[PDB]
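Report on one structure; see the data block that follows.
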Amino acid sequence: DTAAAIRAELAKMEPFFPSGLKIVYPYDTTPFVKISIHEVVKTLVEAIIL
Amino acid sequence: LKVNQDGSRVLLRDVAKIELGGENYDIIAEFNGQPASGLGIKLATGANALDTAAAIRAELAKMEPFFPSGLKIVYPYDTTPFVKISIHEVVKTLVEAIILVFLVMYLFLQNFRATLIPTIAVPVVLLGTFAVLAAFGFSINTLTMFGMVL
Amino acid sequence: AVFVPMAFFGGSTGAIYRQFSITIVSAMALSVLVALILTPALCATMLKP
Amino acid sequence: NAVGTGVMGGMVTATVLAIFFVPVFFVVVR
Amino acid sequence: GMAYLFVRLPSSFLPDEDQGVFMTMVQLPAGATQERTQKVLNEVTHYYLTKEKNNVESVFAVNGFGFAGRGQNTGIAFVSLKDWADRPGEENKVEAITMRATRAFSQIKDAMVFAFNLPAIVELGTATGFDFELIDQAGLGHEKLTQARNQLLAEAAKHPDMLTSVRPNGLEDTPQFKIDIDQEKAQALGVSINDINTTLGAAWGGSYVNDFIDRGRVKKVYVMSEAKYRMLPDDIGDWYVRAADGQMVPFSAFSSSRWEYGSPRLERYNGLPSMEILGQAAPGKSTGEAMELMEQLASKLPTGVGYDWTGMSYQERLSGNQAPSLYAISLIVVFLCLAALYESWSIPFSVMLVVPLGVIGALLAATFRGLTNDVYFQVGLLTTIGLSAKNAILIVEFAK
Amino acid sequence: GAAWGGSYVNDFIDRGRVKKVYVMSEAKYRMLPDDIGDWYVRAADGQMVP
Amino acid sequence: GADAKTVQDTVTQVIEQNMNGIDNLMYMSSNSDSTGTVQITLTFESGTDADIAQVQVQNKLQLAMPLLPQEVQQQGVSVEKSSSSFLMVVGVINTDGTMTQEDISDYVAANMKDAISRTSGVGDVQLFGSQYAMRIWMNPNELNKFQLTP
Amino acid sequence: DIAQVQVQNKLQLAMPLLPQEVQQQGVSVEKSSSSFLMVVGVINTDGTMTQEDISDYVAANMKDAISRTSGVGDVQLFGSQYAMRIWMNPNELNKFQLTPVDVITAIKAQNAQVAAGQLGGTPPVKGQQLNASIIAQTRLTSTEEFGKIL
């Protein structure tokens, strides 16, 4: 939610940026949580068909 | 401010009018054209019941005795009588809805002895209701009292 | 089921639906329990045929 | 007023109606 | 017809129930004086006391204290109506009284023509339209910030089809006497830039110096100079400041003046300068309808200019977002419990079908009298749904 | 201190945003010990002193 | 005696830029009157610890307090659990002309308000008028004669 | 939270003891975690920007916002918001016979908001019709205004 709402403030900041300013994302704990889940809910589904 | 050459002295008094005035003369009010002052009170987020006003007329309670001649508290604007008259005119609504039921009750089963059962059942439950209430924080409100009758 | 499921204080208004949706369900369960004992108890122990 | 009104209005048309339809959309719902 | 009568019947939050109390706000123009405003507050107290002495108990007027603005320019008037009883017919009720007055103070040199009731529930009257905020997301200023506010207020004022009453908030922009010290022309004159300021400030703004005990109570000591010597520009010169050399020097000797422009109420929203825009939905349209437009009209605005919603338009509301989801559940769990003691999947239909019957009366009654679709009606609707199912249930039950 | 460490003086508005004013002296005049001498300080009498 | 701009740049900003890391916060709506007053307001999600919030802000302000001019500090800052909408309004009047707007207020400010503002009178108390203060009204002419500045 | 506050107040019983330079900088107390939660970087798609620039575009437009949102704790800004740098030349200074002290003293009095009152305010001479605020010195805004200091 913190990061959820970090890309909240930045959300609307992007429109008034001058030429040459491009946000870039090195380092990020997000995809983990995204891929940590996915690759579990799958584990749960499969354990069902199984 | 300075001791002058010719032996004399210049005091503040000599360069300025000196009197007790307000810290700011921006706001000035009248209660019916008569000059007056007052207390513009508020609340603290999620403050307490009228208890606030209950306890505003607590401090003022004992202040009145040492007031000089001419000082009379007056009460323009007040959320109190509402709560007082908002209740009253509900508890009445609740009582009446009882006598009302006692009647419809009678008009169907002629029997001051039966008609008395639902007469003993409704109050009971209401009582028990403020109970379960408090248990969840909710207070007797000018808004909680409706759902009571409804 | 029609009362309770509103107790969802959802929004600046739940500020009231809360103040509401419960006051009734309570009053109700009370009445249901009440109406379960005492009432049957009274109407059973109380007056003429 | 708000409270009561809708309460009454609805209650009347709910008694003189449900007393005829209920016996119906019950039989029917068989 | 139930759905019809239902979509027809309009909605609100809570009823403005007369609270034997209410208040009228007074607002004069730019650079108006405490005297001038007071003429207004007087014309206001006269009304309630003369042409309405029958309903009004007492007026409490305050000159120099609005809901904003503050200072000699705004006024408030806490009114206290007579006992509820001694005020029969709707004619003598708050809505009427405030109405008459609004139309009354209408014929006066300054927009204060108001008075109103206590928004149903203190601080919680966040249902009177919308709140718009214009932000200065770029290096722009008060110049362009407002300069894009007039330009927005136009686009919306032009088509009163989906937007009504779009204005700003007391920003005004009155003149200002700009004094400009000619540093050198003074540094050269033998006068410290410090003695200059404290002299200009102590004299025209006031200076909180020391404290002192006045009857066993600490209070402040202020230095400010008599009124007569600071009411007019020219007066700036009357002031002399000591020089290193030893002799006084007038202000006019080391400074020029000139009227400029500023804003007696610069504001901001989340760090960035801003400007608040208020307004009403539109005759027969909900906030949302009125808003989608407001977001568009802004897009036109210069670059940097941006927006956001505050209190009274930060959320989306009941009938139109809330109830249509929870109402689902209420009668969604109904088809449950109605199986927990029936078991048929089809039989709980009967009881369900009743629901509409009562809703028709409630909607009917609702429409006949002035009444609107609000919390209480809502509240009532549910209980109405209950009683219905009640009767139905038993009938169906005993049947079974 | 003002010369080799920096001195946070006043504030100023730079595009409608308050920011700081710093006094520190160019780099070239504070990279080496000997440079300590280059600095002169006023005297009561009126003339500088290394 | 400071203009909206000097009090927006000098105070409003040094206090807005210092509002960071604050648990819950929907937005802050600042102002800056020509009156020489500012009034940042912070709003928190419903149910947010009224008290802990009322304090977080009264401390992240300190990381800025020593930055406000000496005149604003010497005045004093005020942080609190608002409500913005009075809860009652006692007025005090002169039953005898022995009092006045200037007087009545002060009799209040120094004897009624102090008490009522630390009772159940939660939030804040707006005093319609002002406690007395020693006013020194300088005369430039006189001052200039004796060769003195404020 | 209560902890995050206790410490931010027992500090005050000391704050007035730190030098004026540390206070003028500002102290920072907070609910750390010591271990970043994400790191957005901002780059120059065009050479029109630079480390010195990009940072500042951020510091003055992106961080203030992101540090009072859900961006709980603190936000480390990789770089620094601009600031007016005055790079003194000792030789020059010595020639004109000036020390960094005159330079500071100079700035402090030529770049600063000064509160002057208004026209016809608070307690006015009855009959006044105009009421306007007075504006005096107002903080500098351009590298250029600073260059003209005397």
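Residue names in the structure tokens use chain letters A, B, ... in the order shown, residue numbers from 1 in each chain, and ligand numbers from 1 in the order shown.
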
Those of chain H in DSSP strand (DSSP E), formatted as a count of residues only: 13

What lies within 12 Å of residue 10 of chain D using only C-alpha atoms, ignoring chain neighbours under 3 positions off, as a PyMOL selection string? (chain D and resi 3-7+13-18) or (chain E and resi 2+354-367+377-378+380-388)

Based on only C-alpha atoms, which of the residues in chain C come within 12 Å of chain G? I want them as a PyMOL selection string. chain C and resi 9-15

Include N, CA, C and O atoms and write out the residues we just selected as a short mmCIF file (atom, residue, chain, number, x, y, z; two decimals), in the first residue's frame.
data_model
loop_
_atom_site.label_atom_id
_atom_site.label_comp_id
_atom_site.auth_asym_id
_atom_site.auth_seq_id
_atom_site.Cartn_x
_atom_site.Cartn_y
_atom_site.Cartn_z
N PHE C 9 -20.30 0.25 7.42
CA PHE C 9 -20.15 1.70 7.55
C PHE C 9 -19.50 2.39 6.34
O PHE C 9 -18.97 3.50 6.46
N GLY C 10 -19.57 1.73 5.18
CA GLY C 10 -18.97 2.25 3.96
C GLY C 10 -19.15 3.72 3.62
O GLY C 10 -20.17 4.12 3.08
N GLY C 11 -18.14 4.53 3.94
CA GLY C 11 -18.20 5.95 3.64
C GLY C 11 -18.61 6.85 4.79
O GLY C 11 -18.84 6.39 5.91
N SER C 12 -18.69 8.15 4.50
CA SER C 12 -19.08 9.18 5.47
C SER C 12 -20.53 9.01 5.93
O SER C 12 -20.97 9.65 6.89
N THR C 13 -21.26 8.12 5.25
CA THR C 13 -22.66 7.86 5.57
C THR C 13 -22.81 6.63 6.46
O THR C 13 -23.78 6.54 7.24
N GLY C 14 -21.87 5.70 6.34
CA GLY C 14 -21.90 4.50 7.16
C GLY C 14 -21.90 5.02 8.58
O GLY C 14 -22.26 4.32 9.53
N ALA C 15 -21.48 6.29 8.68
CA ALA C 15 -21.43 7.02 9.93
C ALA C 15 -22.81 6.99 10.55
O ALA C 15 -22.97 7.13 11.77
#

Give me the residues near residue 8 of chain H as a list in words, where near means some atom within 12 Å (using only C-alpha atoms) and where sequence neighbours in that chain fewer than 5 positions away do not count. residues 55, 56, 57, 58, 59, 60, 61, 62 and 63 of chain G; 1, 2, 3, 13, 14, 15, 27, 28, 29, 30 and 31 of chain H

Output file for the selection above: N, CA, C and O atoms, as a PDB file, in the first residue's frame:
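Wrote out03.pdb, looks like this:
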ATOM      1  N   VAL G  55      -0.850  14.979  17.615  1.00  0.00           N
ATOM      2  CA  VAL G  55       0.481  15.120  18.205  1.00  0.00           C
ATOM      3  C   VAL G  55       1.627  14.977  17.172  1.00  0.00           C
ATOM      4  O   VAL G  55       2.563  15.777  17.184  1.00  0.00           O
ATOM      5  N   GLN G  56       1.553  13.970  16.294  1.00  0.00           N
ATOM      6  CA  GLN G  56       2.572  13.766  15.262  1.00  0.00           C
ATOM      7  C   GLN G  56       2.919  15.098  14.585  1.00  0.00           C
ATOM      8  O   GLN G  56       4.086  15.471  14.452  1.00  0.00           O
ATOM      9  N   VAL G  57       1.875  15.791  14.142  1.00  0.00           N
ATOM     10  CA  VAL G  57       1.978  17.074  13.455  1.00  0.00           C
ATOM     11  C   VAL G  57       2.560  18.190  14.337  1.00  0.00           C
ATOM     12  O   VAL G  57       3.253  19.082  13.842  1.00  0.00           O
ATOM     13  N   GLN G  58       2.281  18.133  15.642  1.00  0.00           N
ATOM     14  CA  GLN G  58       2.749  19.149  16.600  1.00  0.00           C
ATOM     15  C   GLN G  58       4.209  18.968  16.978  1.00  0.00           C
ATOM     16  O   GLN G  58       4.722  19.684  17.831  1.00  0.00           O
ATOM     17  N   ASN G  59       4.856  18.003  16.327  1.00  0.00           N
ATOM     18  CA  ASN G  59       6.256  17.670  16.564  1.00  0.00           C
ATOM     19  C   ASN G  59       7.107  17.693  15.290  1.00  0.00           C
ATOM     20  O   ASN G  59       8.297  18.002  15.352  1.00  0.00           O
ATOM     21  N   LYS G  60       6.508  17.350  14.146  1.00  0.00           N
ATOM     22  CA  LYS G  60       7.215  17.374  12.859  1.00  0.00           C
ATOM     23  C   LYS G  60       7.313  18.852  12.480  1.00  0.00           C
ATOM     24  O   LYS G  60       8.014  19.224  11.543  1.00  0.00           O
ATOM     25  N   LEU G  61       6.590  19.674  13.235  1.00  0.00           N
ATOM     26  CA  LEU G  61       6.548  21.120  13.069  1.00  0.00           C
ATOM     27  C   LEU G  61       7.843  21.718  13.640  1.00  0.00           C
ATOM     28  O   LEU G  61       8.370  22.712  13.128  1.00  0.00           O
ATOM     29  N   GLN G  62       8.343  21.087  14.705  1.00  0.00           N
ATOM     30  CA  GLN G  62       9.556  21.516  15.408  1.00  0.00           C
ATOM     31  C   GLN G  62      10.765  21.472  14.508  1.00  0.00           C
ATOM     32  O   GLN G  62      11.652  22.313  14.602  1.00  0.00           O
ATOM     33  N   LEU G  63      10.796  20.475  13.635  1.00  0.00           N
ATOM     34  CA  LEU G  63      11.896  20.313  12.692  1.00  0.00           C
ATOM     35  C   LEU G  63      11.876  21.520  11.749  1.00  0.00           C
ATOM     36  O   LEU G  63      12.622  21.576  10.752  1.00  0.00           O
TER      37      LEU G  63
ATOM     38  N   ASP H   1       3.873   4.370  17.098  1.00  0.00           N
ATOM     39  CA  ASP H   1       3.549   5.788  17.100  1.00  0.00           C
ATOM     40  C   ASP H   1       3.775   6.580  18.365  1.00  0.00           C
ATOM     41  O   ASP H   1       4.277   7.694  18.305  1.00  0.00           O
ATOM     42  N   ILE H   2       3.393   6.040  19.509  1.00  0.00           N
ATOM     43  CA  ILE H   2       3.574   6.791  20.740  1.00  0.00           C
ATOM     44  C   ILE H   2       5.051   6.966  21.055  1.00  0.00           C
ATOM     45  O   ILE H   2       5.466   7.966  21.657  1.00  0.00           O
ATOM     46  N   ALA H   3       5.831   5.970  20.647  1.00  0.00           N
ATOM     47  CA  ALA H   3       7.259   5.972  20.860  1.00  0.00           C
ATOM     48  C   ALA H   3       7.827   7.021  19.940  1.00  0.00           C
ATOM     49  O   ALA H   3       8.550   7.916  20.361  1.00  0.00           O
ATOM     50  N   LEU H  13      13.658  19.197  25.496  1.00  0.00           N
ATOM     51  CA  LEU H  13      14.272  19.536  26.775  1.00  0.00           C
ATOM     52  C   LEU H  13      15.778  19.687  26.539  1.00  0.00           C
ATOM     53  O   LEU H  13      16.570  19.839  27.488  1.00  0.00           O
ATOM     54  N   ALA H  14      16.147  19.645  25.256  1.00  0.00           N
ATOM     55  CA  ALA H  14      17.529  19.762  24.817  1.00  0.00           C
ATOM     56  C   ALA H  14      17.676  20.672  23.593  1.00  0.00           C
ATOM     57  O   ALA H  14      18.652  21.405  23.455  1.00  0.00           O
ATOM     58  N   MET H  15      16.695  20.632  22.704  1.00  0.00           N
ATOM     59  CA  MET H  15      16.758  21.444  21.495  1.00  0.00           C
ATOM     60  C   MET H  15      17.345  22.835  21.662  1.00  0.00           C
ATOM     61  O   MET H  15      18.179  23.233  20.865  1.00  0.00           O
ATOM     62  N   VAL H  27      16.173  19.404  13.065  1.00  0.00           N
ATOM     63  CA  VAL H  27      16.353  18.038  13.519  1.00  0.00           C
ATOM     64  C   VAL H  27      15.249  17.191  12.880  1.00  0.00           C
ATOM     65  O   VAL H  27      14.220  17.730  12.469  1.00  0.00           O
ATOM     66  N   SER H  28      15.467  15.878  12.788  1.00  0.00           N
ATOM     67  CA  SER H  28      14.496  14.968  12.173  1.00  0.00           C
ATOM     68  C   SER H  28      14.344  13.711  13.004  1.00  0.00           C
ATOM     69  O   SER H  28      15.301  12.963  13.148  1.00  0.00           O
ATOM     70  N   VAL H  29      13.156  13.465  13.544  1.00  0.00           N
ATOM     71  CA  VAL H  29      12.930  12.258  14.342  1.00  0.00           C
ATOM     72  C   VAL H  29      11.937  11.404  13.545  1.00  0.00           C
ATOM     73  O   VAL H  29      11.118  11.974  12.833  1.00  0.00           O
ATOM     74  N   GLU H  30      11.999  10.069  13.625  1.00  0.00           N
ATOM     75  CA  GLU H  30      11.054   9.236  12.860  1.00  0.00           C
ATOM     76  C   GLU H  30      11.066   7.708  13.030  1.00  0.00           C
ATOM     77  O   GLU H  30      12.007   7.142  13.569  1.00  0.00           O
ATOM     78  N   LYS H  31       9.999   7.067  12.545  1.00  0.00           N
ATOM     79  CA  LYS H  31       9.812   5.615  12.595  1.00  0.00           C
ATOM     80  C   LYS H  31      10.556   4.875  11.484  1.00  0.00           C
ATOM     81  O   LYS H  31       9.941   4.290  10.622  1.00  0.00           O
TER      82      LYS H  31
END

All residues 7 Å or closer to segment 4-20 of chain F, only C-alpha atoms, same chain fewer than 6 positions away omitted, as a ChimeraX atom specification: /E:139,141 /F:30 /G:9,13 /H:83-84,104,108,139-142

Go ahead and write the residues just picked, N, CA and C atoms, as a compact mmCIF listing (two decimals), in the first residue's frame.
# COMPACT_ATOMS: atom_id res chain seq x y z
N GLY E 139 6.42 25.90 -12.50
CA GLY E 139 6.99 27.08 -11.86
C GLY E 139 6.12 28.32 -11.89
N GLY E 141 2.89 31.14 -11.44
CA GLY E 141 2.59 31.90 -10.24
C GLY E 141 1.15 32.31 -9.99
N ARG F 30 40.38 26.45 -1.63
CA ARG F 30 40.23 25.64 -0.41
C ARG F 30 40.43 24.15 -0.69
N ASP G 9 5.58 32.95 2.20
CA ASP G 9 6.94 32.56 1.90
C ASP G 9 7.71 32.32 3.20
N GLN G 13 5.30 28.15 4.15
CA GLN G 13 6.16 27.22 3.43
C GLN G 13 7.15 26.44 4.26
N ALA H 83 19.97 25.47 -4.51
CA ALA H 83 20.14 26.43 -3.46
C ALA H 83 20.99 27.48 -4.12
N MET H 84 20.89 28.71 -3.66
CA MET H 84 21.68 29.76 -4.25
C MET H 84 23.09 29.67 -3.68
N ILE H 104 27.91 37.91 4.37
CA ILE H 104 26.73 37.33 4.97
C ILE H 104 25.86 38.50 5.41
N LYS H 108 21.87 38.87 4.39
CA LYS H 108 20.87 38.86 5.44
C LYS H 108 20.00 40.10 5.51
N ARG H 139 11.87 38.85 -0.47
CA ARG H 139 12.98 37.96 -0.83
C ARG H 139 13.34 37.96 -2.31
N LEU H 140 14.64 37.89 -2.61
CA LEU H 140 15.12 37.85 -3.99
C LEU H 140 14.64 36.57 -4.69
N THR H 141 14.74 36.52 -6.02
CA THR H 141 14.27 35.35 -6.77
C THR H 141 15.18 34.89 -7.88
N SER H 142 16.18 35.69 -8.21
CA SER H 142 17.05 35.34 -9.31
C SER H 142 18.52 35.52 -9.01

Specify as a count of residues only all residues of chain H found within 12 Å of chain B, counting only C-alpha atoms. 5

Which residues come within 12 Å of residue 134 of chain B, counting only C-alpha atoms, excluding same-chain residues fewer than 5 positions away, as a list in words? residues 127, 128, 129, 139, 140, 141 and 144 of chain B; 19, 22, 23 and 26 of chain C

Which parts of chain G does DSSP call alpha helix (DSSP H) when run on the backbone here, written out as number ranges by chain? G: 6-7, 13-16, 50-60, 70-73, 101-108, 114-116, 140-145

Those selected residues, please, written with N, CA and C atoms and delivered as an mmCIF file, in the first residue's frame.
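Written out: again_21.cif:
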data_model
loop_
_atom_site.group_PDB
_atom_site.id
_atom_site.type_symbol
_atom_site.label_atom_id
_atom_site.label_comp_id
_atom_site.auth_asym_id
_atom_site.auth_seq_id
_atom_site.Cartn_x
_atom_site.Cartn_y
_atom_site.Cartn_z
ATOM 1 N N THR G 6 4.714 37.703 2.338
ATOM 2 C CA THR G 6 5.802 37.556 3.314
ATOM 3 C C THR G 6 5.426 36.465 4.318
ATOM 4 N N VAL G 7 4.141 36.336 4.637
ATOM 5 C CA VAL G 7 3.748 35.306 5.588
ATOM 6 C C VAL G 7 3.470 33.952 4.935
ATOM 7 N N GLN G 13 5.302 28.152 4.151
ATOM 8 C CA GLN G 13 6.156 27.218 3.427
ATOM 9 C C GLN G 13 7.152 26.441 4.265
ATOM 10 N N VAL G 14 7.783 27.117 5.214
ATOM 11 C CA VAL G 14 8.752 26.470 6.090
ATOM 12 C C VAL G 14 8.058 25.435 6.987
ATOM 13 N N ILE G 15 6.735 25.515 7.032
ATOM 14 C CA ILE G 15 5.902 24.642 7.845
ATOM 15 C C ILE G 15 5.217 23.578 7.000
ATOM 16 N N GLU G 16 5.149 23.802 5.698
ATOM 17 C CA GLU G 16 4.500 22.839 4.815
ATOM 18 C C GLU G 16 5.521 21.846 4.320
ATOM 19 N N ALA G 50 -7.270 10.240 16.521
ATOM 20 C CA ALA G 50 -7.486 11.660 16.671
ATOM 21 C C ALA G 50 -6.314 12.229 17.431
ATOM 22 N N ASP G 51 -6.041 11.631 18.582
ATOM 23 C CA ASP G 51 -4.970 12.099 19.449
ATOM 24 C C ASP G 51 -3.541 11.908 19.002
ATOM 25 N N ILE G 52 -3.207 10.740 18.484
ATOM 26 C CA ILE G 52 -1.832 10.518 18.069
ATOM 27 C C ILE G 52 -1.474 11.402 16.884
ATOM 28 N N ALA G 53 -2.484 11.673 16.064
ATOM 29 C CA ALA G 53 -2.325 12.499 14.891
ATOM 30 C C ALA G 53 -2.126 13.907 15.384
ATOM 31 N N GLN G 54 -3.039 14.342 16.237
ATOM 32 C CA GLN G 54 -2.996 15.690 16.795
ATOM 33 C C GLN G 54 -1.649 16.011 17.386
ATOM 34 N N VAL G 55 -0.850 14.979 17.615
ATOM 35 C CA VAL G 55 0.481 15.120 18.205
ATOM 36 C C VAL G 55 1.627 14.977 17.172
ATOM 37 N N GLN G 56 1.553 13.970 16.294
ATOM 38 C CA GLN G 56 2.572 13.766 15.262
ATOM 39 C C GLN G 56 2.919 15.098 14.585
ATOM 40 N N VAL G 57 1.875 15.791 14.142
ATOM 41 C CA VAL G 57 1.978 17.074 13.455
ATOM 42 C C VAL G 57 2.560 18.190 14.337
ATOM 43 N N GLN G 58 2.281 18.133 15.642
ATOM 44 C CA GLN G 58 2.749 19.149 16.600
ATOM 45 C C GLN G 58 4.209 18.968 16.978
ATOM 46 N N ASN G 59 4.856 18.003 16.327
ATOM 47 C CA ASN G 59 6.256 17.670 16.564
ATOM 48 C C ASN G 59 7.107 17.693 15.290
ATOM 49 N N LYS G 60 6.508 17.350 14.146
ATOM 50 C CA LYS G 60 7.215 17.374 12.859
ATOM 51 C C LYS G 60 7.313 18.852 12.480
ATOM 52 N N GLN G 70 11.566 35.421 14.266
ATOM 53 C CA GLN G 70 11.472 35.532 15.720
ATOM 54 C C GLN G 70 10.145 36.155 16.164
ATOM 55 N N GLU G 71 9.513 36.884 15.249
ATOM 56 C CA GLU G 71 8.245 37.519 15.534
ATOM 57 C C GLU G 71 7.082 36.522 15.522
ATOM 58 N N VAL G 72 7.170 35.478 14.701
ATOM 59 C CA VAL G 72 6.068 34.517 14.647
ATOM 60 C C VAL G 72 6.140 33.578 15.830
ATOM 61 N N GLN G 73 7.369 33.182 16.164
ATOM 62 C CA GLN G 73 7.654 32.289 17.280
ATOM 63 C C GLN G 73 7.286 33.006 18.570
ATOM 64 N N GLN G 101 -16.862 47.159 24.770
ATOM 65 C CA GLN G 101 -16.296 46.110 23.938
ATOM 66 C C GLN G 101 -14.850 45.871 24.395
ATOM 67 N N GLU G 102 -14.103 46.959 24.537
ATOM 68 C CA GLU G 102 -12.722 46.857 24.970
ATOM 69 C C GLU G 102 -12.638 46.234 26.362
ATOM 70 N N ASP G 103 -13.486 46.681 27.284
ATOM 71 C CA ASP G 103 -13.500 46.142 28.644
ATOM 72 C C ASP G 103 -14.056 44.709 28.725
ATOM 73 N N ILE G 104 -15.367 44.538 28.543
ATOM 74 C CA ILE G 104 -16.009 43.222 28.581
ATOM 75 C C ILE G 104 -15.124 42.088 28.062
ATOM 76 N N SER G 105 -14.589 42.240 26.855
ATOM 77 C CA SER G 105 -13.719 41.209 26.301
ATOM 78 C C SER G 105 -12.674 40.897 27.343
ATOM 79 N N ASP G 106 -11.809 41.865 27.621
ATOM 80 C CA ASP G 106 -10.770 41.662 28.615
ATOM 81 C C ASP G 106 -11.251 41.062 29.936
ATOM 82 N N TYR G 107 -12.423 41.435 30.437
ATOM 83 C CA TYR G 107 -12.821 40.814 31.684
ATOM 84 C C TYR G 107 -12.949 39.332 31.423
ATOM 85 N N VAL G 108 -13.345 39.007 30.206
ATOM 86 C CA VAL G 108 -13.494 37.622 29.808
ATOM 87 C C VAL G 108 -12.086 37.045 29.628
ATOM 88 N N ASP G 114 -9.483 31.517 29.756
ATOM 89 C CA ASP G 114 -8.375 30.672 30.184
ATOM 90 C C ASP G 114 -8.992 29.399 30.756
ATOM 91 N N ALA G 115 -9.919 29.549 31.703
ATOM 92 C CA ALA G 115 -10.605 28.398 32.315
ATOM 93 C C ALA G 115 -11.344 27.526 31.271
ATOM 94 N N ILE G 116 -12.336 28.109 30.593
ATOM 95 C CA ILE G 116 -13.138 27.421 29.575
ATOM 96 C C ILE G 116 -12.341 26.797 28.410
ATOM 97 N N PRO G 140 4.940 60.411 15.699
ATOM 98 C CA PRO G 140 6.146 60.650 14.911
ATOM 99 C C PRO G 140 6.715 62.055 15.070
ATOM 100 N N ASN G 141 5.841 63.056 15.032
ATOM 101 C CA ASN G 141 6.270 64.439 15.193
ATOM 102 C C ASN G 141 7.060 64.523 16.491
ATOM 103 N N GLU G 142 6.382 64.297 17.606
ATOM 104 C CA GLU G 142 7.058 64.352 18.884
ATOM 105 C C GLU G 142 8.352 63.561 18.790
ATOM 106 N N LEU G 143 8.260 62.284 18.442
ATOM 107 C CA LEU G 143 9.457 61.456 18.316
ATOM 108 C C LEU G 143 10.559 62.174 17.545
ATOM 109 N N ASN G 144 10.210 62.728 16.388
ATOM 110 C CA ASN G 144 11.184 63.429 15.553
ATOM 111 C C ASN G 144 11.768 64.671 16.211
ATOM 112 N N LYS G 145 10.944 65.363 16.981
ATOM 113 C CA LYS G 145 11.394 66.555 17.660
ATOM 114 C C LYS G 145 12.536 66.129 18.558
#

Find the residues in chain B near chain E: any atom within 7 Å counts, using only C-alpha atoms. Write them as an NGL selection string. :B and (26-32 or 76-77 or 82)

Each chain H residue no farther than 8 Å from chain F, nearest pair in Å, only C-alpha atoms, as CSV:
residue,atom,partner,partner_atom,distance
H:21,CA,F:8,CA,7.9
H:60,CA,F:17,CA,7.4
H:81,CA,F:19,CA,7.8
H:82,CA,F:19,CA,7.1
H:83,CA,F:20,CA,4.9
H:84,CA,F:21,CA,4.6
H:85,CA,F:22,CA,4.9
H:86,CA,F:23,CA,4.8
H:87,CA,F:25,CA,3.9
H:88,CA,F:25,CA,3.5
H:89,CA,F:25,CA,5.8
H:90,CA,F:39,CA,5.7
H:91,CA,F:38,CA,7.2
H:94,CA,F:40,CA,6.0
H:97,CA,F:48,CA,6.5
H:98,CA,F:42,CA,6.8
H:99,CA,F:41,CA,5.6
H:100,CA,F:2,CA,6.6
H:104,CA,F:9,CA,6.6
H:107,CA,F:10,CA,7.3
H:108,CA,F:10,CA,6.0
H:111,CA,F:12,CA,7.2
H:112,CA,F:10,CA,7.5
H:139,CA,F:12,CA,5.4
H:140,CA,F:12,CA,5.8
H:141,CA,F:14,CA,5.2
H:142,CA,F:14,CA,6.9

With only C-alpha atoms as the basis for distance, which of E:294, E:154, E:188, E:135 is at the shortest distance from residue 12 of chain A? E:135

Report as a list in words the set of chain C residues whose atoms approach chain E to within 9 Å, with distances computed over only C-alpha atoms. residues 1, 2, 3, 4, 5, 6, 8, 10, 11, 12, 13, 16, 17, 20, 21 and 24 of chain C
